[PDB]
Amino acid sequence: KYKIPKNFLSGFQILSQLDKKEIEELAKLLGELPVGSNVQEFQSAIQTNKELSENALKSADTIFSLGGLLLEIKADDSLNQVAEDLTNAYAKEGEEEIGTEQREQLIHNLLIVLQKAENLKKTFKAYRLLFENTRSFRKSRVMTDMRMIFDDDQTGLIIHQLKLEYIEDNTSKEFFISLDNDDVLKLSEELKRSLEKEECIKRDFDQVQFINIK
């Protein structure tokens, strides 16, 4: 069924072994992790909690990666089956064979974590819904070029070549467009107006948690 990215096998090894106290603090902190939090500030929360070890800290990527799976889980998919399917996949890529005690404790630890992966599921939902668009912005760059006006017996233009890099059809693409100084000003004003509108939409609808991924 599942196949585990080879670099996460280290984190499942750790996860089969976390102490029943430590796994509960680690799952507790995961549930406390607010929606939109990236893995590095989940790591930072682990690294500072004096109840969580360096081993828990090293498991953060594996735990956080389950959010990509959690979006598939139906209303009647049981988390026990998920914890076992991940446990059987983990064992199948050993050259050792995983002892039954380690197997049981891993199923339990993953299940305990999956029970608390609620805001993590919302974080992967937010991340995919943010990029469900025809053209998702990634970066911009502006070249500020000079175009000299040649004469028939000292005059010139400055052209702002805006590059937008975007994803469309899962493909990295670039759009170039030519702006004068006044175009750059009026586009800056529309961008400012859209930020002003974002702050208005947050003060209204103040009962919605609006999410930033970065």
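Residues carry their position along the shown sequence, with the first being 1.
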{"property": "Chain break class for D153 to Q154, judged by how many deposited residues have no coordinates", "result": "4 to 9"}
{"property": "5 to 13 or 197 to 205, whichever carries the higher mean Cα B-factor", "result": "5 to 13"}
{"property": "20 to 28 or 187 to 195, whichever carries the higher mean Cα B-factor", "result": "20 to 28"}
{"property": "Per the PDB entry, maximal CA B factor within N181, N170, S178, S53", "result": "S53"}
{"property": "Per the PDB entry, maximal CA B factor within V142, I73, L129, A117", "result": "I73"}
{"property": "Chain third (lowest, middle, highest) by recorded CA B-factor, residue given as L57", "result": "highest"}
{"property": "Assigned third (lowest, middle, highest) for the C-alpha B factor of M148", "result": "lowest"}
{"property": "Third of the chain, ranked by Cα B-factor, where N133 sits", "result": "lowest"}
{"property": "Assigned third (lowest, middle, highest) for the C-alpha B factor of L69", "result": "highest"}
